[PDB]
Amino acid sequence: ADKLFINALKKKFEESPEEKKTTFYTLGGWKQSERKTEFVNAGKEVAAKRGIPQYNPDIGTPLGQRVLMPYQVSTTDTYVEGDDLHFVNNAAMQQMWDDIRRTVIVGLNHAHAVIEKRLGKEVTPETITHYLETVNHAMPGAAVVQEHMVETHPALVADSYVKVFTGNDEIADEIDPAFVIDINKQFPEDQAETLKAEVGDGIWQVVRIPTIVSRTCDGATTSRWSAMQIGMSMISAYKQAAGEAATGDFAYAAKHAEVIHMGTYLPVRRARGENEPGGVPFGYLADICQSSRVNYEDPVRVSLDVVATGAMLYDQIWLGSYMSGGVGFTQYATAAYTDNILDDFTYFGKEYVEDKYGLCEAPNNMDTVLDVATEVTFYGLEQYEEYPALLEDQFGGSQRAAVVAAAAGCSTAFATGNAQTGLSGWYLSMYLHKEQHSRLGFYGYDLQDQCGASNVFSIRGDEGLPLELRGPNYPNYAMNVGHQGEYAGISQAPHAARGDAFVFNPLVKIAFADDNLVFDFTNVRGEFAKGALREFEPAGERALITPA
Amino acid sequence: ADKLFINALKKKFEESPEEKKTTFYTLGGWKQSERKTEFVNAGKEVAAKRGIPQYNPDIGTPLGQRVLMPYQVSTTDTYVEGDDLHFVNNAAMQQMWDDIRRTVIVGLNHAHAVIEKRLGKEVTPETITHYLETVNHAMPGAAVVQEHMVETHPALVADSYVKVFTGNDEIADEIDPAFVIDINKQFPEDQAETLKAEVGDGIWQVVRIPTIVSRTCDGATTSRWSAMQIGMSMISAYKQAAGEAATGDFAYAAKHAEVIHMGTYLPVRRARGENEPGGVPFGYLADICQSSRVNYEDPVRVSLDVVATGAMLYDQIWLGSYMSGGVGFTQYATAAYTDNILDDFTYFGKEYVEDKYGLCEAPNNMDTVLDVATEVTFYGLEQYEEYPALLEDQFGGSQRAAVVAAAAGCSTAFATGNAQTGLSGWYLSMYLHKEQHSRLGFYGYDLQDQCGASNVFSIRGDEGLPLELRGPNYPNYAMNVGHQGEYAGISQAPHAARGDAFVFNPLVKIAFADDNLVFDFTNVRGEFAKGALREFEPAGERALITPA
Amino acid sequence: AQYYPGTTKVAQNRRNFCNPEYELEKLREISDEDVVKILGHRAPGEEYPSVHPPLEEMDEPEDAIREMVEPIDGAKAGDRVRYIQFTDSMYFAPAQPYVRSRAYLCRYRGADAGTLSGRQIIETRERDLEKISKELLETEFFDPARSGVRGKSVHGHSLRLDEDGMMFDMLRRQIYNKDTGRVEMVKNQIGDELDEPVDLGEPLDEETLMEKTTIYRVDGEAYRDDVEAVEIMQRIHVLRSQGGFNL
Amino acid sequence: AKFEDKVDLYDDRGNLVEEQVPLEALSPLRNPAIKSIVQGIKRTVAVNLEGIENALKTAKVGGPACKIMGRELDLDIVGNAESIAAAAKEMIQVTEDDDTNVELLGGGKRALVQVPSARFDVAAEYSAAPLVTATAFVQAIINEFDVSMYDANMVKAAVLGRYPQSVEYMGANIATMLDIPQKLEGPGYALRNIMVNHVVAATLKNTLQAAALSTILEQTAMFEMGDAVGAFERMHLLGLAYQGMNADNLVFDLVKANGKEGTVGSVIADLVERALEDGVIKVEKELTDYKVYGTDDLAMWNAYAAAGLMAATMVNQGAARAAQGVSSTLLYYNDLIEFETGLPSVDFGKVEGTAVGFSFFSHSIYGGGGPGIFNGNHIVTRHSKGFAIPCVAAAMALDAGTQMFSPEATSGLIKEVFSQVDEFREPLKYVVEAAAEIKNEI
Amino acid sequence: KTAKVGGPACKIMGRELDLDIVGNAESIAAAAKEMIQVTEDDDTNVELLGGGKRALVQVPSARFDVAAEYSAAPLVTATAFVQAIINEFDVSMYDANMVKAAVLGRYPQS
Ligand code: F43
Ligand SMILES: C[C@@H](OP(=O)(O)O)[C@H](NC(=O)CCCCCCS)C(=O)O
Ligand SMILES: O=S(=O)(O)CCS
Ligand SMILES: O=S(=O)(O)CCS
Ligand SMILES: [Cl-]
Ligand SMILES: [Mg+2]
Ligand SMILES: [Mg+2]
Ligand SMILES: [Mg+2]
Ligand SMILES: [Mg+2]
Ligand SMILES: [Mg+2]
Ligand SMILES: [Mg+2]
Ligand SMILES: [Mg+2]
Ligand SMILES: [Mg+2]
Ligand SMILES: [Mg+2]
Ligand SMILES: [Mg+2]
Ligand SMILES: [Mg+2]
Ligand SMILES: [Mg+2]
Ligand SMILES: [Mg+2]
Ligand SMILES: [Mg+2]
Ligand code: NA
Ligand code: NA
Ligand code: NA
Ligand code: NA
Ligand code: NA
Ligand code: NA
Ligand code: NA
Ligand code: NA
Ligand code: NA
Ligand SMILES: [Zn+2]
């Protein structure tokens with residue numbers, strides 16, 4: 001019956017969502033808001049304590065001449081003021097990033113070959129389990145060889161550990177299950193078969209370093225820290241000299257030859273090492289999100305969970321802090337994961353496709369792009385025109401451009417089963433939207449949008465790439481809000497419609513299928529809500545080593 | 001009378017410090033230690049809660065077959081186990097790095113020229129004050145122009161603010177004093193006069209972004225976050241259009257033309273952006289440390305406070321985590337700031353120099369290097385030979401090498417008044433030490449040491465540089481413990497002997513003379529002791545937004 | 001060759017360890033099997049593992065250097081490269097870390113030597129390692145109280161001695177027998193128990209340790225008092241310094 | 001005629017080829033064969049056509065373990081290699097008569113490509129080689145099979161990998177000896193960022209040719225970096241000649257005299273004797289039963305000492321047929337020769353220092369690896385200005401199979417393609433010949 | 001003369017060196033050109049401008065024919081001028097590192 005966003009609009013405003021007029025200016029300004037009132041009071045306290053003015057509602061212009069709205073976290077019944085979705089104020093969002101940043105995947109295949117071929121020693125499921133006991137003591141920062149070592153406090157580093165996975169069920173069954181990511185438990189049968197076949201007899205470690213270290217340091221720490229403690233545990237468990245020539249082979253394997261970073265390093269203007277947000281390709285972000293293994297009968301839900309994951313990380317933390325800062329970009333991102341708005345538009349498109357072509361059954365060509373992206377764009381824009389409350393909700397043109405094009409591009413990919421025609425549909429949506437309303441986004445929103453159509457199918461050096469391989473360092477995408485997380489969703493979309501177990505890297509997909517993570521990647525939007533309510537318990541806090 | 005380290009030796013061991021024999025093996029292993037006992041219990045709790053084994057004292061070899069020693073933090077009466085000096089376990093150490101990482105210095109000279117010449121508006125102390133009130137609301141993450149902004153919680157970002165300084169006393173007096181770092185209050189008269197002359201009529205901002213943000217993100221965030229909120233505050237306070245062509249001049253000034261980063265970006269193998277430890281030159285580190293403005297009649301104390309600053313940051317955090325990780329490098333660093341050992345050797349050397357030459361009165365040549373570095377090296381090494389307890393305390397050759405050569409190098413620079421001959425004395429020390437004991441440090445300790453003599457006075461492209469300009473990215477120095485913090489000390493040494501107000505950048509010196517910092521840079525070793533005792537309260541915690 | 005400057009007993013002992021024509025004093029007899037046991041790389045009677053085929057089974061490139069340089073026997077056979085590692089007490093052990101690495105590359109072919117403060121290692125092909133290790137264990141390179149064979153957990157070079165005059169060992173590989181005055185090796189170099197301990201003989205007495213040591217100390221012969229040795233080190237510093245600036 | 005020095009030049013069998021060659025005839029700035037080698041390394045690319053085909057058929061593109069389900073494309077690339085390569089060459093070349101070379105290898109599985117010199121004459125650097133080659137092959141494949149607009153982006157990913165999302169060509173199926181300019185440790189370092197294994201591969205494990213190629217690259221970089229300008233030029237030239245080109249047969253003769261039974265220390269003794277015999281060093285002072293040596297020509301002493309260092313490596317690592325100990329030889333050759341003589345070691349301690357760190361980072365947990373993964377641009381091994389890495393190349397050439405990360409493991413594509421180029425495979429021959437040809441122009 | 005080397009607002013007190021470089025620009029430039037050129041009368045150019053306050057330098061083409069890239073230009077120029085200034089005033093080994101810092105800055109730390 002109702003569009004999916006109607007309940008949220010009725011919560012925000014006294015008027016029915018269709019009504020065109022309202023009342024302004026008599027709401028009390030900031031005084032209408034519980035959260036702004038909290039902030040006013042805290043600012044006075046802070047300024048007095050430190051002897052320097054801080055938050056003051058009388059500086060600049062007076063917030064709250066209109067309704068300061070609640071937001072529904074999409075797929076939840078949780079309604080919060082938008083400040084509770086700012087990454088600074090939301091521990092769930094900070095932990096989501098920490099859990100990615102502090103992860104690396106490191107093979108044991110080369111390592112086991114060094115042991116067998118260079119050292120002449122045996123590797124068995126028993127020696128692997130012994131090694132895994134050893135590395136789970138050492139990885140958080142504790143000693144195995146030298147006398148008079150000082151160590152990290154176990155409780156400060158409780159979130160760091162090492163697990164393994166392999167496609168060989170019989171071998172997996174022989175390793176203590178405390179250390180194993182069980183692919184057959186975590187994934188539905190057809191997905192498990194695909195993932196096991198991709199891994200084969202390879203054995204891979206998923207290493208998580210301590211959040212407290214990641215926060216003190218940076219993402220490029222992760223693979224170094226991992227390798228040091230892998231190295232020590234190989235010495236201890238396999239009876240090497242503690243520092244012989246073979247020890248260097250384990251180092252080079254763990255740091256270079258068999259490591260999978262979450263993010264690659266960035267060029268000098270935006271200089272950063274590995275495991276920073278800009279290095280994480282869109283296909284990896286889709287695979288980090290675990291919606292695919294729990295919501296696989298609903299491709300829209302899978303795709304929009306990916307969009308939530310990426311809009312928060314890429315717009316709020318990455319573009320809104322690493323690349324800028326200040327108040328930042330909360331609502332540029334919340335547009336993609338609140339009020340069930342993107343959900344309504346994308347369900348529309350999925351239904352359109354299902355009825356016309358069947359999922360994955362449309363021709364992979366421009367005719368399909370023109371059909372589906374145009375239809376879905378016109379639907380979404382019509383909703384802003386029919387529901388003035390919707391338009392006042394997603395008040396910035398950029399937000400609207402992102403949401404409408406995300407639906408258009410995901411729907412096109414649902415039709416073709418191919419992310420590249422989904423991307424073409426995203427750009428067509430932009431062009432149509434711009435002409436319809438004689439506006440699109442902010443001053444710089446459509447840099448990538450105007451380069452977009454020509455670069456979708458280019459094959460040139462710094463232009464051509466399948467969408468799955470693109471990321472925040474693809475040149476056209478390196479600067480602007482309201483695109484990156486949506487592109488992760490479009491990358492996910494054809495794979496979700498196809499029922500594929502992963503989008504770009506099966507190892508990354510399996511690595512986040514782990515109940516010992518702090519953040520729950522199977523329910524990203526639920527976790528955002530939990531953090532907004534101040535109900536999420538992050539790792540990395542220093543309470544144990546500070547005064548009461 | 002007694003050597004300065006005698007009391008610490010007598011606290012550690014039952015035997016007199018000169019006794020050659022002891023008793024091992026019957027101490028209970030880890031059970032002798034309160035801290036290790038805490039860790040064993042915590043590891044049981046962690047493993048039980050998460051379902052994966054973690055800290056276990058019986059993995060590997062059994063710690064505590066010898067005495068697990070307390071360490072005296074030098075210049076204090078505080079004795080702690082070494083684990084309490086691990087940066088993970090020490091909130092003072094973490095906050096020291098955060099306070100550096102989250103700081104940038106940003107001129108207002110170009111900005112004020114844009115206002116006067118391009119906008120045609122006046123800049124006065126009153127307009128500067130109004131801008132400072134505005135940017136102290138905005139910088140922590142709060143809005144000044146747009147409607148319907150969501151903001152950071154003021155109490156989470158209470159540590160973020162902007163101050164200014166200028167060499168012009170009369171202008172400084174006209175800006176509201178809540179915002180001014182008062183050079184005449186913070187520095188002794190002669191130092192103040194030097195600093196004011198270097199700054200002149202220039203007006204500089206010291207910007208500190210939120211510790212919670214620095215921890216979530218990275219160092220390269222700092223100057224961006226800074227610039228965004230400077231930009232907003234220039235719009236609000238000087239009545240620009242909110243985004244006109246002139247707005248871009250302010251951006252470029254704050255991000256490029258008049259910014260001073262703490263650290264410069266690093267090459268790809270060790271890829272990192274600005275404001276990471278490897279980018280911080282040794283002369284900046286000396287200037288960050290504030291011992292110079294409080295302990296200026298004691299050049300030893302000033303130099304060794306800089307060594308403590310640098311040994312912790314460069315060895316424990318940078319080399320021991322950013323560049324490696326795991327248990328890391330606590331004791332490679334503590335050797336330089338515990339038990340009053342380095343202090344004994346360096347006071348010896350300063351006394352030798354004062355009596356033979358007078359401080360800063362020796363010829364700046366190789367004769368003075370040979371004399372002073374040889375004498376001080378032989379004194380330090382004799383102490384290890386005369387006191388078996390001292391040798392068992394600084395048990396690793398690298399520790400001894402760094403301590404003895406730091407005393408030799410600082411003393412040579414106290415004689416010459418020039419950091420370069422100090423550096424030559426450091427290398428000579430290493431060569432003598434190696435021949436005396438037929439050992440020096442760990443496998444890779446003297447890479448830089450053997451290149452060292454030849455590269456002190458070289459002028460070639462990637463070889464030649466005054467020591468003050470060198471840092472952790474100088475090629476020879478990029479990898480190894482036991483040198484970088486000591487080099488910061490040697491860079492400080494001649495300037496402390498001379499009475500100079502700064503070593504390499506007067507703006508950096510002034511920027512850390514600020515009582516609103518969290519960490520007390522005037523008493524680095526006292527702060528490390530406070531953190532070891534679990535008495536330091538850091539910024540950046542999330543207690544307010546998590547369950548109680 | 002002259003090896004090392006200086007006029008002390010220490011300097012002469014450093015020269016003697018380097019000089020392959022100097023016959024090292026043999027202090028103890030150790031069986032072939034017991035060398036294998038201490039090393040811990042293979043069991044007595046186990047065939048040597050290989051890392052590549054024998055050189056006569058491979059087609060090498062035509063190469064005058066290969067023709068001129070005779071491979072050691074373990075290279076001909078394709079043996080693993082394995083190690084032996086020693087720790088030397090600063091309380092007057094006969095050999096010390098740099099003295100070992102310098103001597104090893106004067107005396108032994110095909111050697112990878114590494115020096116650290118608390119450990120010193122040689123790596124070479126396994127069957128050649130066994131031959132070298134006999135000499136390292138039986139001669140004045142080794143004292144069973146002041147030196148230890150240790151492939152891990154090396155702490156002790158800088159520690160006080162125990163009541164028997166033995167260096168600390170976290171893993172207690174070498175045990176002094178109060179009833180004989182002799183030391184037994186009870187574990188291999190990585191710390192695994194031996195079936196049957198190996199007799200290492202009596203520790204050297206204080207006078208003999210002083211005669212044989214290669215460490216300089218104030219309570220023996222101090223380095224600062226070997227003025228010719230010091231002069232040469234200072235000369236090298238000065239010449240390196242000048243050379244880096246100009247020639 | 002800047003310098004008076006002359007050297008005698010030999011071949012890799014120890015036979016005299018040309019006597020009395022002016023030192024500057026071996027300079028990178030003068031010698032036309034060094035120019036040819038450097039310009040050849042800038043312009044040569046290996047193409048793995050089999051790899052491109054397999055990446056496309058499986059949709060395994062963009063880096064380790066990566067795959068895009070549903071994107072597979074089954075194209076007969078190897079079977080149509082002659083047509084594809086000819087089409088690529090038409091795009092690569094500037095004119096029909098230029099120095100473009102495109103040669104199929106391995107029945108069409110591989111191609112050797114040398115992009116024309118004219119492209120580099122109007123380029124800032126060397127990345128035109130991989131980038132022109134990659135787009136020519138991408139376009140030739142697309143045109144061969146009429147790959148659609150919708151699918152052609154997969155061909156691009158199979159050829160050049162995840163670039164430009166990654167800074168490097170991550171997952172590419174092309175290779176060069178050089179690496180991208182962003183990875184330089186300093187300006188002027190590009191000729192140093194050539195893995196030792198790649199040099200050993202290109203030279204087919206011929207020890208003296210590997211040493212020569214490495215020395216030519218390292219010393220040529222020293223010119224680009226400005227290290228070999230003014231005061232230090234002669235020192236660098238003499239090091240190229242004596243360490244890398246077997247000048248005066250000094251390396252070869254030291255090896256011959258010490259190869260049957262010798263050690264590092266016996267090589268040192270022979271080198272010191274030879275330097276005394278030749279008047280390069282002389283007794284300066286007598287201590288107590290100890291001779292202090294001096295010299296009036298530090299650059300020549302350094303060159304003699306560097307020849308000895310190379311011979312010590314060949315003797316020590318040659319005897320083991322195992323490369324790992326090169327880090328030890330580089331350390332203790334230098335440590336021992338300073339206490340033998342009272343004179344500074346090679347590169348005034350910088351070889352010794354490089355060797356300390358190299359030893360650590362080839363025997364520890366912290367980084368590095370085996371000898372073959374190092375190079376003059378590696379943070380561990382950049383410190384000596386050309387005097388250390390050529391010994392590492394000699395040692396890896398002599399390794400009989402002890403290394404996990406061997407040239408077979410790291411450098412197979414490089415081996416197949418770059419060893420085809422005569423001046424890369426046998427550079428000593430060409431440099432000696434060119435020096436002889438220009439001897440009267442100096 | 002001010003010891004202001006190594007980046008914005010940087011200074012090393014006690015390291016000042018009072019050298020009349022502009023007054024001796026012709027000698028210094030000639031000496032630098034001898035090091036920059038490969039052969040006499042090649043395409044090296046070194047031209048003083050602004051009364052000796054500035055110099056135009058064109059590093060010989062032969063250096064780039066055997067180079068990977070273009071950094072030989074600043075690096076060769078910098079070292080030639082460093083060496084020429086040291087030689088002009090007989091700057092001591094102890095002080096010459098300041099000349100290097102004045103020409104090329106904080107490289108290689110930056
Ligand atoms: C396995 C290695 C080789 C390698 O790459 N790194 C090691 C081990 C590593 C581990 C040891 C942790 C553990 O026991 O699990 C850590 C803590 C680095 C990490 N992964 O966190 C470390 N070394 Ni080490 N390492 C040290 C040291 C040293 C000294 C110890 C000599 C002695 O007589 O005890 C020697 C080098 C030397 O001989 O000079 C040394 C060797 C070694 N170092 C030998 C093991 C030695 C042994 O078998 O006992 N370290 C030191 O000299 C003091 C500082 C100390 C470091 C920890 C701290 O700073 O608190 C630690 C620093
Ligand atoms: C050498 C290099 O490692 P790679 O050879 O590149 O793996 C480098 N590590 C280090 O320099 C480690 C320094 C800290 C640990 C050793 C301290 S002595 C780095 O990770 O970039
Ligand atoms: O107004 S601008 O488009 O420049 C910035 C939008 S946040
Ligand atoms: O033993 S090593 O010198 O490699 C490492 C010392 S922490
Ligand atoms: Cl010369
Ligand atoms: Mg109503
Ligand atoms: Mg109404
Ligand atoms: Mg096995
Ligand atoms: Mg479990
Ligand atoms: Mg269990
Ligand atoms: Mg007034
Ligand atoms: Mg006195
Ligand atoms: Mg016998
Ligand atoms: Mg027996
Ligand atoms: Mg031949
Ligand atoms: Mg066919
Ligand atoms: Mg032709
Ligand atoms: Mg076509
Ligand atoms: Mg001989
Ligand atoms: Na309502
Ligand atoms: Na209506
Ligand atoms: Na306001
Ligand atoms: Na930048
Ligand atoms: Na607390
Ligand atoms: Na006592
Ligand atoms: Na243990
Ligand atoms: Na790296
Ligand atoms: Na000319
Ligand atoms: Zn961080």
Side-chain angles (χ1 to χ4, degrees), chain A residues 2 5-19 22-23 67 69-70 72 79 129 132-133 136 158-159 161-165 172 175-186 206 208 315-316 319-321 323-335 339 387-390 392-393 395-398 400-402 439-447 449 479-483 513-517, chain B residues 46-54 138 143-150 224 227-229 231-232 234-235 240-251:
Chain A
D2 282 346
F5 53 73
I6 295 293
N7 279 350
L9 301 179
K10 294 183 301 184
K11 193 41 111 255
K12 288 166 194 277
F13 304 122
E14 359 156 316
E15 302 80 8
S16 201
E18 306 85 354
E19 296 185 49
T22 192
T23 293
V67 169
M69 297 180 289
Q72 179 188 28
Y79 289 79
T129 295
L132 289 166
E133 195 167 24
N136 275 284
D159 60 306
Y161 60 90
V162 183
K163 289 184 182 185
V164 292
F165 59 86
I175 296 164
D176 178 337
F179 303 125
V180 175
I181 297 170
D182 181 346
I183 294 165
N184 303 295
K185 175 178 171 306
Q186 299 295 80
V206 181
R208 302 199 211 284
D315 285 1
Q316 301 182 237
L319 292 178
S321 189
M323 294 297 310
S324 67
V327 166
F329 300 147
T330 303
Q331 295 165 121
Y332 281 131
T334 59
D339 301 339
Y387 293 102
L390 187 69
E392 176 165 325
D393 182 19
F395 56 83
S398 307
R400 301 192 296 275
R439 58 175 48 75
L440 188 65
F442 75 93
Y443 220 144
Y445 182 80
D446 58 315
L447 173 139
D449 339 75
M479 295 149 283
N480 300 122
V481 295
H483 299 73
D514 181 355
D515 297 331
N516 282 95
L517 282 160
Chain B
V46 167
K49 189 177 313 172
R50 80 190 186 157
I52 312 169
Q54 195 226 38
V144 297
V145 170
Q146 294 191 227
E147 181 60 286
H148 210 284
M149 299 293 92
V150 303
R224 296 187 172 93
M228 298 312 91
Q229 301 311 83
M232 290 307 310
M234 284 291 173
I235 288 167
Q240 288 181 64
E244 51 175 295
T247 310
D249 284 344
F250 297 102

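Letters go in sequence order (proteins before strands), and every chain restarts at 1. Whatever order the structure lists them in is the order used to number ligands and atoms, beginning at 1. What you see below is based on every heavy atom in this structure, not just the backbone, and it leaves out hydrogens, waters and symmetry mates.
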Sorted by chain and number, sequence neighbours left out, salt bridge (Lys or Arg N to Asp or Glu O under 4.0 Å) with A:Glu392 holds for A:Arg66

With 3.0 Å as the limit, jot down which protein N, O or S atoms are around the Na ion (ligand 20). A:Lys10 O, A:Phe13 O

Just by distance, do the side chain of A:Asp339 and the backbone of A:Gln72 share a donor-acceptor pair under 3.5 Å? yes

Is a donor on one side and an acceptor on the other found under 3.5 Å between the side chain of A:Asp393 and the backbone of A:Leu9? no

With distance as the sole test, does A:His483 use its side chain to make a donor-acceptor pair with the main-chain N or O of A:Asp449 at under 3.5 Å? no

A:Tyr443 N/O under 3.5 Å from ligand 3 N/O: yes

Smallest heavy-atom separation, A:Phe329 atom then A:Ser324 atom, equals CE1-OG, 3.5 Å

In terms of heavy-atom contacts, A:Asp159 and A:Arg208 come closest through O-CB, 4.2 Å

For ligand 3, indicate whether the residue A:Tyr332 contacts it via side chain, backbone, both or neither (heavy-atom separation under 4.0 Å). side chain

Mark yes or no for whether A:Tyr387, through its side chain, and A:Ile6, through its backbone, hold a donor-acceptor pair below 3.5 Å. no

